[PDB]
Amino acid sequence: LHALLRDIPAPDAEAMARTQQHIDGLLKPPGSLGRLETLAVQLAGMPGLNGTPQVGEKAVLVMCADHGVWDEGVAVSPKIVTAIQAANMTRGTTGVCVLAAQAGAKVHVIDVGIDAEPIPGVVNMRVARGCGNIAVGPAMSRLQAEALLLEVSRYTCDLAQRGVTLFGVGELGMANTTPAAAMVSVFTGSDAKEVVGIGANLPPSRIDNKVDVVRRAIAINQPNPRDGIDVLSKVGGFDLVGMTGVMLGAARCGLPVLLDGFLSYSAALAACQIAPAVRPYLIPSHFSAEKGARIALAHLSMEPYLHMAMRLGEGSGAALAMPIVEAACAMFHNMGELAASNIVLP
């Protein structure tokens, strides 16, 4: 893992400079396409894209797992929904499946810790049948976290060898907004009350209990904010670790990764803490309706492109933003040039 993190490539400033120059010469007032131009330049700096903003195959990786903390009453969804929904993922009937199809992306469902029998058709990387209840102890051991990071990292960069150039990250796990809130609180240093949300329709009353659970998880585990792996293993979950692993793998592969909602933000905070070199490869999609979204994004210094008040998860937001990445590529390669039309602007 030390090797993996040491080999993450830095962005290519040379390709980025050539990109900027080419964009400024396009048939439009300089900088008029705003964030679409900055996005194109960002992509140009990613070594896996061959010095140019391009999109080949697209894949959304969905990490599924159950959480022990579900027993603390922090989630109203039946625990079996994780297993049932994971199955539905293979049938193409879920939100991310429908949105990924529209974007022409393929969905990879990965079981990293569902508490049920193996689901055929789902990639099997399960660490255990659900992680430990973070309210009374750690979610898993440091070794288990590191191994899963390694495993998912390799799987991710291996897909690149098959044509994939754009990744989307998602998750599925009842009660996972609780460990997500805990991680955000630890990494940003915010009080649990400011970062704990309603998740998948938790009643407004039950919120207090959720906040107490988050506080208890932190107190009992004493996770070290300066060590993202320590935080993940103590108050995270298998699905959160998996998402972090996709981010490290894509970065090592020098390829772009589209974030999704609140759960992915917590995973990205862990990833950037573990390896700052990962940040240049992260691309925001939407602004999650989860309460702690604003704080999490502020520490990641990211401004999402889409404001859809979405809070489904599954990587549905990542899929929805893929057309945007393709649009920046289309602008870059298909627009005409000012000089060719004899247009001169001051």
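A residue's number is simply how far along the shown sequence it sits, counting from 1.
Legend: mean Cα B-factor per stretch from the PDB entry, 236-244 versus 196-204; the higher mean is in 196-204. Look at the C-alpha B-factors of 134-142 and of 186-194. On average they run higher in 186-194. Based on the entry's C-alpha B-factors, the most elevated value among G48, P284, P53, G317 belongs to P53. When the C-alpha B-factors of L258, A75, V112, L172 are read from the PDB record, the largest value belongs to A75. Annotation for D66: CA B-factor lies in the lowest third of the chain's modelled residues.
When the CA B factors of the chain's modelled residues are split into thirds, the value for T38 lands in the lowest one. When the CA B factors of the chain's modelled residues are split into thirds, the value for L300 lands in the highest one.
Per-chain ranking of the deposited C-alpha B factor places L148 in the middle third. Per the PDB record, residue ranking by Cα B-factor puts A101 in the middle third of the chain.
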